[PDB]
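Novice: Structure provided below as structure tokens; questions to follow.
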Ligand SMILES: COc1cc2nccc(Oc3ccc(NC(=O)c4c(C)n(C)n(-c5ccccc5)c4=O)cc3F)c2cc1OC
């Protein structure tokens, strides 16, 4: 009933299906799927891409939902720190297909968890002992990038609504990208999504006003960003460790209960998390302010690493 019906620029976005060779499925959702593919001449060069399309026997409403996803991607536009649309297959002859840039390291949560034994706060010479290690610089840099992607999203007058580390993808050269799997995520088989009424909701990432009043704003996205920071500086742990996500949890959150400092945080990063978790939405920092602050922390962190 909405976004799928926005105008489409075929001369800009249309990619020939014949120039696309589909390979292995990457991820399987409730309605749609993401498939690894080789594409030729998308940017006379071959490139690995991610192709979102619908599963066999998709309904009309599922078709509408994928088209709505495509139009939202187009509206948002290009930024380094957002998963970028490379093209689309919308013409008669074959299925609706959305082609985005391939991020080879996958989601940030799983990736960070794989590096628990490959993290040092700062490398020490000889640095080859810490080859491919994560450092404080990496984590602050990831945080900084997501804040810039979220500032960009805000400037498009968009609200994410599902900001989390599972929705951050890691590309080449330590470049992180904000995304949403949407139709290609199975939220009914995902423990991050909790049943509250008719819907499955990411309760551990949701601001109190969102939980109680159903209010989604850019300011509740900032709350979510604070939970993401906690995920980054726990190296991909799950929020509110061991805590039952019930009525008591929601009550205590409204009353001012917050998560403790995660294992790999700096004092400055933890205060930033707490700032993002202000009970008053108006009192949370903006994403512009988060970009500024995290830029300052990235800079301060560099002064702690001066060997070279
Ligand atoms: C190696 O492992 C993988 C690499 C992968 N690499 C790239 C892509 C992959 O899957 C996808 C993930 C996300 C999306 N995103 C969309 O379709 C998006 C839409 C419609 N909007 C509106 N947004 C958006 C953008 C900004 C802010 C709010 C939402 C979207 O991100 C598309 C995908 F194909 C991968 C899956 C992998 O395994 C599962």
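Residue numbers (the authors' numbering): 815 to 857, 860 to 939, 990 to 1174. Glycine residues also receive a C-beta, built at the ideal position from the N, C-alpha and C atoms.
How long is the line joining the alpha carbons of residue 1161 and residue 1001, rounded to whole angstroms?
Specialist: 16 Å
Novice: I believe residue 1050 touches residue 848 by the beta-carbon criterion, under 8 Å. Please report the beta-carbon distance rounded to the nearest angstrom.
Specialist: 5 Å
Novice: Going by DSSP, what residues sit across from residue 869 in a beta bridge?
Specialist: Per DSSP, 847 and 913.
Novice: Just the Cα atoms here: how many angstroms apart are residue 1044 and residue 1088?
Specialist: 14 Å
Novice: Indicate the three-state DSSP secondary structure (helix, strand or coil) for residue 933 in the structure shown.
Specialist: coil
Novice: Looking only at its chain, what residues have a beta carbon closer than 7 Å to the beta carbon of residue 1140, apart from the 5 residues adjacent to it on each side?
Specialist: Take residue 1140, set aside five residues on each side of it, and the residues of its chain with a beta-carbon closer than 7 Å to its own are 1124, in chain order.
Novice: Determine the contact status of residue 1101 and residue 1136, defining contact as a CB-CB distance below 9 Å.
Specialist: no
Novice: Report yes if the C-beta of residue 905 is less than 8 Å from at least one heavy atom of ligand 1; otherwise report no.
Specialist: No, since every heavy atom of ligand 1 falls outside the 8 Å radius drawn around the Cβ of residue 905.
Novice: Count the CB pairs spanning the region 871 to 890 and the region 1079 to 1098 that are closer than 8 Å, and state whether there are at least three.
Specialist: The region 871 to 890 makes no contact with the region 1079 to 1098: fewer than 3 CB pairs, one atom from each, lie closer than 8 Å.
Novice: Using the C-alpha atoms, what's the distance from residue 878 back to residue 1147?
Specialist: 34 Å
Novice: Quick check: the region 1018 to 1032 against the region 990 to 1007, are there 3 or more CB pairs under 8 Å?
Specialist: no
Novice: Taking just the CA atoms, how far does residue 1098 sit from residue 875?
Specialist: 38 Å
Novice: Comparing the CB of residue 1078 with every heavy atom of ligand 1, is any distance shorter than 8 Å?
Specialist: no
Novice: Does residue 1099 come out as helix, strand or coil in the three-state DSSP assignment?
Specialist: coil
Novice: Under a Cβ-count criterion, where at least 16 other Cβ atoms within 10 Å of its own Cβ denotes burial, should residue 1011 be classed as buried or exposed?
Specialist: Classification of residue 1011: buried, given that the 10 Å Cβ count is 16 or more.
Novice: Between residue 912 and residue 831, what straight-line distance do the alpha-carbon atoms span, to the nearest angstrom?
Specialist: 10 Å
Novice: Ignore the nearest five residues each way along the sequence and tell me which others in residue 839's own chain have a CB closer than 8 Å to its CB.
Specialist: Only residues of its own chain outside the window of five on either side were considered, and among them 847, 848, 849 and 850 have a CB closer than 8 Å to the CB of residue 839, listed in chain order.
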